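Participant: Mind looking over this structure? Questions follow.
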Number of protein chains: 2
Amino acid sequence: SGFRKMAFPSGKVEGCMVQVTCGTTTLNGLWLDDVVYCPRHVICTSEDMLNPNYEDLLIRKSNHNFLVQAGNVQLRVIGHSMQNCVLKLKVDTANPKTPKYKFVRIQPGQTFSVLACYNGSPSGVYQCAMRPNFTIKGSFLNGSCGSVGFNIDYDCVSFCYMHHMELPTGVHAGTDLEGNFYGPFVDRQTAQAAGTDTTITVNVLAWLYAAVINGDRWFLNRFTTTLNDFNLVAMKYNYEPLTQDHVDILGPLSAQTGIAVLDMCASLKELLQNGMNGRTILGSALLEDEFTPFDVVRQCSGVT
Amino acid sequence: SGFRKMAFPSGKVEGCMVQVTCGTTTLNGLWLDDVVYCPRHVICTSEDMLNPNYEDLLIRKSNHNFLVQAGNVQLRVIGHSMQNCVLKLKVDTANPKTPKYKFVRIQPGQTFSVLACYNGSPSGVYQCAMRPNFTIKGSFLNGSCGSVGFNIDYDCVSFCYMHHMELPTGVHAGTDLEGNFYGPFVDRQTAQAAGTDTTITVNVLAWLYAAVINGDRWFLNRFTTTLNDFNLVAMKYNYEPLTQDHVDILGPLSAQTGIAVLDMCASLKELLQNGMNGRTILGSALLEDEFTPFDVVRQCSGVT
Ligand SMILES: Cc1nnc(CN2CCC=C(F)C2)s1
Ligand SMILES: Cc1nnc(CN2CCC=C(F)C2)s1
């Protein structure tokens, strides 16, 4: 029993973190096989960051200008290229700790673990969601750039996020491991405003199911609703619209609890309209939206 | 910027988890040097658990009855002893992944990371606090017993917790790595009620400082208070009394923010008396008490 915001065990990713230095900029890189992946703004001065021409800046850089340190041992850079917003540094040594891995581009609402790192050294691990406005709400200080987000399936790490920047509002933006930003963000120190941070409805419902499984049931009511009726309420409260795809994904939690998805929607609708009246659900005073249905199944079933 | 409930990177502990089986009971063990540590109730049938005589049950067990598997390789048990509520299985092989480590018995209010494990396999990592009633609010299913709680100081893992049981109220109880329960709990399937789960005041204040550092400042008010006056309010709200030791520990956060500790106490007092009025602090609708002052400094400064 009990339900916690849980990160994947980070060991497989810890074994992949290195320090990258170019001139006087140090950040984190990800060493997989004989490639180190890092944010391309490693090549920028904070002056460069105001309006960088990355192709022009990169002309001035040779392999030997990229200092890559794995623990306290230097890696030899034998090649470098830019792919979108990441640099790929080819090194002469395959990372011996390379896990089975994939690169995935996640959808908004998907959760992942972040291994926050500084100078190639892991500091902590926490669980994030890709927000519907393609930001994440992380914990990143200066030097954390190149820290990565990941999911683990048994022994395979799916890397989905590399940290690139903080918006002036203190939310975070980054790329997949092909260097494509999530959302409309660019790796430039300029005005970039996030859109509406809507609530991930299907995740809230998953978490309500998790609550029922764990004995928090006070919010269950006598009502049901329809997708269309629920969606009018969702719109009013800046919740994402619920689709039949979302209902389908919640089917196993519906089956396990015997609470129809549309009944749980009606419970959520009343919570939106009435608030929590100073009560809590799984130790939260607000409706948690950073657990996916898959997360809830995993934690509630004990997958390793 | 940003402030997250952050666990220590778990790799060093992942390398220590093994499966222990005795008869038909399987749970987790901790392999450090040539000793595997696990809950002594590994020797019990669920029938035994109602009123176990562990010394009498252990007489019937030989080294070869303890099956210890590290990944998919069996360890040879060459000795076994009971220390309090843990078994120590001497194996013929030192764990090659043994980190620098210590065993510490933590105080109520102290935070630590849990590596939830099943069959010796890590499933997830999350951040816990030892509650003032010596319970923790974890996420533990059947098979998670022997999962451990830890802090990391640079390269040294301080193990503080091993998971033993769930109370009928679905909160968790366990031992230090000398096998002494936190609190009055016993490893028996009997009525065991937790005492008052009071709020860890010094942790709430730390988290309020974290909020100010991260730009959440709406709750700062024009007032101050005294320890005695604050403590009358704390008592009323089932908060732990604040001592000058707690004020001393908050000194660096006071210094960094320029907010006197007693001023932040007066802010907390108003939040207790007035509630949040539907507002949030660091994305929470309730006052978070599972960050220590040391945690807040660490996360806000970026220690690795
Ligand atoms: C060199 C650097 N100087 N500042 C940095 C942080 N941010 C600034 C905004 C945009 C990013 F992509 C990187 S990197
Ligand atoms: C064999 C076991 N059968 N049930 C177990 C879980 N709990 C029950 C309560 C008290 C504990 F120490 C262990 S262990």
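We're sticking with Swiss-Prot numbering for chain A, so the shown stretch reads 3264-3567, in order.
The backbone N, Cα and C atoms fix where each Cβ goes, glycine too.
Okay, these came from Swiss-Prot:
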CROSSLNK  A:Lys3268  ubiquitin cross-link
ACT_SITE  A:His3304  active site, for 3CL-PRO activity
CROSSLNK  A:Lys3353  ubiquitin cross-link
ACT_SITE  A:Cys3408  active site, nucleophile
Participant: Consider the recorded positions A:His3304, A:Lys3353, A:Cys3408 and say which one has the Cα lying nearest the Cα of A:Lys3268 (ubiquitin cross-link).
Facilitator: A:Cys3408
Participant: Return the residues near A:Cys3408 (active site, nucleophile), defined as same-chain residues 6+ apart in sequence whose C-beta is under 8 angstroms from its C-beta, sorted by sequence, else 'none'.
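Facilitator: Those within reach of A:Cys3408 (active site, nucleophile), by Cβ under 8 Å and sequence separation of 6 or more, are A:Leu3290, A:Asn3291, A:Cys3301, A:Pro3302, A:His3304, A:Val3305, A:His3426, A:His3427, A:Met3428.
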Participant: In terms of Cβ proximity below 8 Å, which recorded positions out of A:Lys3268, A:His3304, A:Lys3353 neighbour chain B?
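Facilitator: Among the recorded positions A:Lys3268, A:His3304, A:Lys3353, the ones whose Cβ sits under 8 Å from a Cβ of chain B are A:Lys3268.
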Participant: Given the recorded positions A:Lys3268, A:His3304, A:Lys3353, which one has the fewest other C-beta atoms within 10 angstroms of its C-beta?
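Facilitator: Per-residue Cβ counts within 10 Å for the recorded positions A:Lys3268, A:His3304, A:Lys3353 bottom out at A:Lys3353.
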Participant: Out of A:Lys3268, A:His3304, A:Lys3353, which recorded positions have CB atoms lying under 6 Å from ligand 1?
Facilitator: A:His3304
Participant: DSSP secondary structure for A:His3304 (active site, for 3CL-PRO activity), reduced to helix/strand/coil, please.
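Facilitator: For A:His3304 (active site, for 3CL-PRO activity) - judged by DSSP and reduced to three states - the answer is helix.
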